[PDB]
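Okay, so here's just one chain, in structure tokens, the form deposited in one PDB entry.
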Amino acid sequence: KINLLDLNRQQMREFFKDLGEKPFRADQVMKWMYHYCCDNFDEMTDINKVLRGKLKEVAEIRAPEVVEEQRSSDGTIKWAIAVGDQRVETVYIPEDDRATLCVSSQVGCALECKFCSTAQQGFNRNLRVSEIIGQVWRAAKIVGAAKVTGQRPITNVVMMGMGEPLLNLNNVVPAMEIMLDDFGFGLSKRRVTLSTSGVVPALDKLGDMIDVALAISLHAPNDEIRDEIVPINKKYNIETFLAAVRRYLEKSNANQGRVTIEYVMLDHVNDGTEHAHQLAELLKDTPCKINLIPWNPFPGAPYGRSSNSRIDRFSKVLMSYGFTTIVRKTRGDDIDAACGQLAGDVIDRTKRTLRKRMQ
């Protein structure tokens, strides 16, 4: 059966055309899928029985299942999500004015950022469209579908879970298209963010395919530091990355002219005032908003968390040059908030097989 969660609107329409149906019936089913979080054709009461029959035979709505759920006292929900025989992470971060979902792009990552827990697993495989948009679908279903509760469960999506999104463009783009779609999650392009450590030619490609808000994982003020911290910089250095960012801003207006810059704060590595002065000079040619992120520790990482006084002085230096800078709040502090940790060791895979036999 075809998983309808693999298809954007164009493809949904083409599939329904092959079923002998008019294109607007695809729109109607999408609306059921995403506005109501319906995965059951019998529940789609305004579709005729004949179409329901076709769909039950040749199609399905199969979203990844939750295998673990952690609920923070601050409202954050962290899910381990089953994708085949593997696990990825999806995180729901509520606020009064907002609700952000952090979504994974790959099982593991091949980029080897030393401060990232997902790096130490390595790269396993790319997620399919259904496995990416399906995280939004599952989260929406659990939190409460928009037309069920009368409130949009998710106002904001960030591709900031496990994996490098620019290395899964084939699947990440259609998934984001569904997020943007009126018949999908109806999100504004300003409210869908793709974060990247800087796969430069893939970023040039992204710009030709879709217009979404861009965030860059910079984490260093110069090349010698960034080579160490984020090793893809050895392939495409800061200047190459920043030039690509400028080219993207020419094609896209989701950022409203200003790229989001992510900067993780690693104790006595990239968090000094001397690093802040260098960063300020580095970014003089690129319009931006700077997010300083306290590093989230995990066992065996060769870094420490920067103290809040060191982070605050770093921020003051940046603000003295007139940069819009924001120190991000730690969310879900009472739970396993470090990216990649809840979908931990891949060796537990065999143990899961054995577990299911006893069930």
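A residue's number is simply how far along the shown sequence it sits, counting from 1. C-alpha atoms forming the largest set that superposes within 1.5 Å between two forms make up the rigid core. Only residues modelled in both forms are compared.
Heads up, the form deposited in another entry isn't pictured, but that's what we're talking about next.
Among the candidates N253, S73, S188, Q151, the CA atom that moves 2 angstroms or more between this form and the one not shown after core superposition belongs to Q151 alone. Once both forms are fitted on their core, the CA shift for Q10 between this form and the one not shown remains under 2 Å. If you compare C-alpha positions, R152 and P94 are 3 angstroms or more closer together in the other entry than in the form on display.
A shift of at least 3 angstroms pushes the Cα atoms of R71 and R352 further from each other in the other entry than in the displayed structure. Comparing the conformations between this form and the one not shown, with the rigid core held fixed, yields the displaced runs 145-152, 345-358, each spanning 3+ consecutive residues whose C-alpha shift is 2 Å or more.
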